[PDB]
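Asks: Below is the structure I would like to discuss, written out as structure tokens.
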Amino acid sequence: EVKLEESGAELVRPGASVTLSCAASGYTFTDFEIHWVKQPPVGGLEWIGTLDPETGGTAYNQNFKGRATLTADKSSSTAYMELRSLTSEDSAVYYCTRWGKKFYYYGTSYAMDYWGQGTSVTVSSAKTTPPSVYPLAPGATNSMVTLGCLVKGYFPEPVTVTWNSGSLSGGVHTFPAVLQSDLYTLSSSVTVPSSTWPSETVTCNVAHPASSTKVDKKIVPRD
Amino acid sequence: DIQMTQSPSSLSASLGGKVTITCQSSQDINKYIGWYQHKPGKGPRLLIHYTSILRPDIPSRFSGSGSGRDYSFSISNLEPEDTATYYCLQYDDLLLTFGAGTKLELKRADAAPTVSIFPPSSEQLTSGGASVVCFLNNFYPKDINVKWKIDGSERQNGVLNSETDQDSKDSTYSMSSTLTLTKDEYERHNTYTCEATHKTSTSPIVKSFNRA
Ligand SMILES: [Cl-]
């Protein structure tokens, strides 16, 4: 029931701006402040600011005054954060989260009890590029075998990887993407019983929403 | 503005064991501190508010204490699902502040990497490229070094390495390493070797294949 639903990933050119949205449902919108929080690539959570959607009242950490602007639309139950005139220092994941507005002697119970799923913002002049997806199949036999997918040459993050559409979830390692010369590469491994492959079907499912790309790649033994 | 000093920055402890993290505020925060958990690849979660008050869906292993400027957070009877980064937050002001975070890892027995090497697919080759991939999976401890050899000779350029966060079931780490060449250059050589040094073996752990 209580939900905070954020907008999708944004690619922004240096010097340009973008506006993020967070749609609340499952509670009375105007009884809670909306706080925003930054999660930089390396290093820890930073509090950006608070908005009281009933009145338009705001407050910001100093470092974000001049950079972020918080508003809301009560009709749609939706909070917004405009991030203006960006650099790579502003590349990060941004969350909305709620805070109980009403004063109590021992403070609120609703202290960032629910969070949005995060919106990833990448500030760069590189171009959106779809991944190529290549199967990883062995070139020696044991009771377990390890297969893979190489997801190479894409921009920007993120991509989604699953195996047999969700069914193979055990023994999966999906490795963090590495950036080289404006293109990301990632890999994912799955381990299954050697009795089960290649006698049965194992497929990696890769999505890159920025490029509208969905691929299924069947892992077949090596020629 | 209230500053928060969270210590330590990193903690390593054994299964079943106990850890404590501290936070110190630049002025009295009157017990308005909360503690949050950030597990890898997920969003933050509230554990405790007003110094010691637990959510009811959080294990009783988690607790908190303190007053004035000095606070602590503790986990008893550590489980591998506790692996995460932890943050304090002060909210005794209009402007809130997070501490810098504490990354918690668990100790366990030494485990050798299970190593798999994969040649370039026909799909990649036909487009002109050739990547060779090595997975070094479910090892402990985290420190490992990987080198690529082509017909015996070391190649450092064109190598992309990626490490997982600690696994939240078996407390191991995994690593992927990808050597990217051209088709042209791949087809000039025969032997491709993934060579790993790890404390579990005196000499390297290797996997190779021959193109023909
Ligand atoms: Cl902060």
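Residues are referred to by chain and number: the chain letter is A, B, ... according to the order shown in the structure tokens, the number counts from 1 in that chain, and ligands are numbered separately from 1 in the order shown.
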For residue 142 in chain A, work out the shell of residues within 10 Å, counting only C-alpha atoms and skipping chain neighbours fewer than 4 positions away, then give it as a PyMOL selection string.
Replies: chain A and resi 193-195
Asks: Could you give me, as a list in words, the residues within 8 Å of range 154-159 of chain A, counting only C-alpha atoms and dropping anything in the same chain fewer than 3 positions from it?
Replies: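 Near range 154-159 of chain A, the qualifying residues are residues 11, 122, 126, 127, 128, 129, 130, 131, 132, 151, 182, 183, 184, 185, 206, 207, 208, 209 and 210 of chain A.
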Asks: How would the residues just chosen look if you wrote them out with N, CA and C atoms as a JSON list (two decimals), in the first residue's frame?
Replies:
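As written to disk, part27.json reads:
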[["chain", "number", "residue", "atom", "x", "y", "z"],
["A", 11, "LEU", "N", 19.81, 10.73, -18.62],
["A", 11, "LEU", "CA", 21.12, 11.10, -19.12],
["A", 11, "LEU", "C", 21.10, 12.61, -19.36],
["A", 122, "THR", "N", 23.03, 10.37, -14.85],
["A", 122, "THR", "CA", 24.38, 10.36, -15.36],
["A", 122, "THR", "C", 24.58, 11.65, -16.14],
["A", 126, "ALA", "N", 28.57, 11.69, -23.60],
["A", 126, "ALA", "CA", 28.65, 10.49, -24.44],
["A", 126, "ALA", "C", 27.27, 10.11, -24.95],
["A", 127, "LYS", "N", 27.24, 9.37, -26.04],
["A", 127, "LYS", "CA", 25.94, 8.98, -26.63],
["A", 127, "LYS", "C", 25.44, 7.64, -26.15],
["A", 128, "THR", "N", 24.12, 7.59, -26.03],
["A", 128, "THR", "CA", 23.41, 6.38, -25.72],
["A", 128, "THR", "C", 23.82, 5.33, -26.76],
["A", 129, "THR", "N", 24.21, 4.16, -26.30],
["A", 129, "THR", "CA", 24.60, 3.07, -27.22],
["A", 129, "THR", "C", 24.04, 1.74, -26.66],
["A", 130, "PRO", "N", 23.43, 0.91, -27.49],
["A", 130, "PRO", "CA", 22.89, -0.37, -27.02],
["A", 130, "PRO", "C", 24.05, -1.37, -26.80],
["A", 131, "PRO", "N", 23.84, -2.35, -25.95],
["A", 131, "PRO", "CA", 24.86, -3.35, -25.67],
["A", 131, "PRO", "C", 24.93, -4.37, -26.78],
["A", 132, "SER", "N", 26.05, -5.01, -26.98],
["A", 132, "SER", "CA", 26.04, -6.32, -27.65],
["A", 132, "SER", "C", 26.04, -7.43, -26.56],
["A", 151, "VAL", "N", 27.90, -8.57, -21.52],
["A", 151, "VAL", "CA", 27.01, -7.49, -21.99],
["A", 151, "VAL", "C", 27.94, -6.27, -22.21],
["A", 182, "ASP", "N", 34.04, 5.71, -22.35],
["A", 182, "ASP", "CA", 32.64, 6.03, -22.54],
["A", 182, "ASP", "C", 31.68, 4.86, -22.83],
["A", 183, "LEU", "N", 32.14, 3.61, -22.64],
["A", 183, "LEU", "CA", 31.27, 2.49, -22.79],
["A", 183, "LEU", "C", 31.39, 1.55, -21.65],
["A", 184, "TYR", "N", 30.26, 1.08, -21.17],
["A", 184, "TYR", "CA", 30.21, 0.09, -20.10],
["A", 184, "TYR", "C", 30.26, -1.38, -20.63],
["A", 185, "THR", "N", 30.89, -2.21, -19.83],
["A", 185, "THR", "CA", 30.85, -3.65, -19.96],
["A", 185, "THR", "C", 30.54, -4.31, -18.63],
["A", 206, "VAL", "N", 18.59, -9.81, -21.23],
["A", 206, "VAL", "CA", 19.24, -8.55, -21.00],
["A", 206, "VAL", "C", 18.34, -7.45, -21.48],
["A", 207, "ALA", "N", 18.16, -6.45, -20.62],
["A", 207, "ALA", "CA", 17.45, -5.27, -21.02],
["A", 207, "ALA", "C", 18.36, -4.01, -20.88],
["A", 208, "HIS", "N", 18.31, -3.14, -21.86],
["A", 208, "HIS", "CA", 18.87, -1.77, -21.73],
["A", 208, "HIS", "C", 17.74, -0.69, -22.08],
["A", 209, "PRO", "N", 16.93, -0.29, -21.12],
["A", 209, "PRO", "CA", 15.82, 0.65, -21.44],
["A", 209, "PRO", "C", 16.25, 1.91, -22.17],
["A", 210, "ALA", "N", 17.40, 2.55, -21.85],
["A", 210, "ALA", "CA", 17.79, 3.78, -22.57],
["A", 210, "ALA", "C", 17.83, 3.62, -24.05]]
Asks: Figure out the distance between CA of residue 100 in chain A and CA of residue 102 in chain B, please, to one decimal in Å.
Replies: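 About the pair CA of residue 102 in chain B and CA of residue 100 in chain A: they are 26.4 Å apart.
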Asks: Counting only C-alpha atoms and all ligand atoms, which protein, DNA or RNA residues come within 9 Å of ligand 1, given as a list in words?
Replies: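 Every residue with an atom at most 9 Å from ligand 1 is listed here: residues 37, 38, 44, 45, 46, 47, 48 and 61 of chain A; 3, 4, 89, 90, 95, 96, 97, 98, 99 and 100 of chain B.
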Asks: For the residues in that selection, give me N, CA, C and O atoms as a CSV table (one decimal), in the first residue's frame.
Replies:
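See again_22.csv below for the written result:
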chain,number,residue,atom,x,y,z
A,37,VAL,N,17.5,12.5,-1.1
A,37,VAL,CA,18.7,12.0,-0.6
A,37,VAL,C,19.6,11.6,-1.8
A,37,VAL,O,19.0,10.9,-2.7
A,38,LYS,N,20.9,11.9,-1.8
A,38,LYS,CA,21.8,11.6,-2.9
A,38,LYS,C,22.7,10.4,-2.5
A,38,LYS,O,23.2,10.5,-1.4
A,44,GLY,N,29.1,8.2,0.8
A,44,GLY,CA,27.9,7.9,1.4
A,44,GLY,C,26.7,8.8,1.2
A,44,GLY,O,26.9,9.9,0.6
A,45,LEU,N,25.6,8.4,1.7
A,45,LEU,CA,24.3,9.1,1.6
A,45,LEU,C,24.5,10.6,2.0
A,45,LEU,O,25.1,10.9,3.1
A,46,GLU,N,23.9,11.5,1.2
A,46,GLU,CA,23.9,12.9,1.5
A,46,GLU,C,22.4,13.4,1.5
A,46,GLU,O,21.7,13.2,0.6
A,47,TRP,N,22.0,14.1,2.6
A,47,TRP,CA,20.7,14.7,2.6
A,47,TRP,C,20.6,16.0,1.8
A,47,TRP,O,21.5,16.9,2.0
A,48,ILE,N,19.7,16.1,0.9
A,48,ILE,CA,19.6,17.3,0.0
A,48,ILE,C,18.7,18.3,0.6
A,48,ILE,O,19.0,19.5,0.7
A,61,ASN,N,20.3,21.5,2.6
A,61,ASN,CA,21.6,21.5,2.9
A,61,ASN,C,22.2,22.6,2.0
A,61,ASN,O,21.9,22.7,0.9
B,3,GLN,N,27.4,18.4,12.5
B,3,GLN,CA,28.2,17.4,11.9
B,3,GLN,C,28.1,16.1,12.7
B,3,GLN,O,27.8,16.0,13.9
B,4,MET,N,28.3,15.0,12.0
B,4,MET,CA,28.3,13.7,12.6
B,4,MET,C,29.5,12.9,12.2
B,4,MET,O,29.8,12.7,11.0
B,89,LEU,N,21.9,9.0,11.4
B,89,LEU,CA,21.3,10.2,10.9
B,89,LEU,C,20.8,11.0,12.1
B,89,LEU,O,20.1,10.5,12.9
B,90,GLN,N,21.2,12.3,12.1
B,90,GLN,CA,20.7,13.2,13.2
B,90,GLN,C,19.6,14.1,12.6
B,90,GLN,O,19.6,14.4,11.4
B,95,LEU,N,17.8,21.0,9.3
B,95,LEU,CA,18.7,20.4,8.3
B,95,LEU,C,19.3,19.1,8.9
B,95,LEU,O,20.1,19.1,10.0
B,96,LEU,N,19.1,18.0,8.2
B,96,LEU,CA,19.5,16.7,8.7
B,96,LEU,C,20.9,16.3,8.2
B,96,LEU,O,21.3,16.8,7.2
B,97,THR,N,21.6,15.5,8.9
B,97,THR,CA,22.9,15.0,8.5
B,97,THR,C,23.1,13.5,8.7
B,97,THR,O,22.9,13.0,9.8
B,98,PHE,N,23.6,12.9,7.6
B,98,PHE,CA,24.0,11.5,7.7
B,98,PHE,C,25.5,11.4,8.1
B,98,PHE,O,26.3,12.2,7.7
B,99,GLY,N,25.8,10.4,8.9
B,99,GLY,CA,27.2,10.0,9.2
B,99,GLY,C,27.8,9.4,7.9
B,99,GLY,O,27.1,9.1,6.9
B,100,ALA,N,29.1,9.2,7.9
B,100,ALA,CA,29.8,8.8,6.6
B,100,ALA,C,29.6,7.3,6.3
B,100,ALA,O,29.8,6.9,5.1
Asks: Please find the residues of chain B near chain A - the criterion being any atom within 6 Å, counting only C-alpha atoms - and write them as a ChimeraX atom specification.
Replies: /B:46,100,118,164
Asks: Would you save the residues from that selection as a PDB file, in the first residue's frame, using C-alpha atoms?
Replies:
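And here is the file that came out, part23.pdb:
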ATOM      1  CA  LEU B  46      15.169   2.265   8.533  1.00  0.00           C
ATOM      2  CA  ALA B 100      29.807   8.770   6.649  1.00  0.00           C
ATOM      3  CA  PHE B 118      35.563 -18.630 -21.858  1.00  0.00           C
ATOM      4  CA  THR B 164      31.215  -8.393  -6.212  1.00  0.00           C
TER       5      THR B 164
END
Asks: As a ChimeraX atom specification, list the residues of range 18-142 of chain A assigned to strand (DSSP E or B) by DSSP on the backbone atoms of this structure.
Replies: /A:18-25,32-39,46-52,57-60,68-73,78-83,92-100,111-115,119-123,129,132-136
Asks: May I ask for the distance between CA of residue 168 in chain A and CA of residue 199 in chain A, given in Å to one decimal place?
Replies: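 That distance, rounded to one decimal, is 15.9 Å.
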Asks: Between B:153, B:63, B:172, B:37, which is the closest to residue 109 in chain B once you count only C-alpha atoms?
Replies: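 Smallest separation from residue 109 in chain B among the options: B:172.
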Asks: By how many Å are CA of residue 19 in chain A and CA of residue 81 in chain A apart?
Replies: 5.5 Å
Asks: Which residues, written as a list in words, have at least one atom at most 6 Å from residue 120 in chain B, with only C-alpha atoms counted and residues fewer than 2 positions away on the same chain left out?
Replies: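 Those residues are residues 130, 131 and 132 of chain B.
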Asks: I want to know what sits within 7 Å of residue 32 in chain B, based on only C-alpha atoms, with residues of the same chain fewer than 2 positions away left out; could you give that as a list in words?
Replies: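 What passes the distance filter is residues 29, 30, 34, 50, 51, 90, 91 and 92 of chain B.
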Asks: Select, from A:18, A:200, A:163, A:1, the residue with the minimum atom-to-atom distance to residue 121 in chain A, counting only C-alpha atoms.
Replies: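 So, comparing all the options, the nearest one is A:18.
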Asks: So that I can see what lies close to range 20-23 of chain B, please list as JSON, numbers by chain the residues with an atom at most 8 Å from it, counting only C-alpha atoms and leaving out residues fewer than 3 positions away in the same chain.
Replies: {"B": [4, 5, 6, 7, 8, 70, 71, 72, 73, 74, 75, 88, 99, 102]}
Asks: Can you pull out the residues contacting residue 34 in chain A? Cut-off 10 Å, using only C-alpha atoms, and skip same-chain residues under 4 positions away; I want them as a list in words.
Replies: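 Here the qualifying residues turn out to be residues 22, 24, 29, 30, 49, 50, 51, 52, 53, 58, 70, 71, 72, 78, 79, 80, 96, 97, 98, 99, 100, 101, 112 and 115 of chain A.
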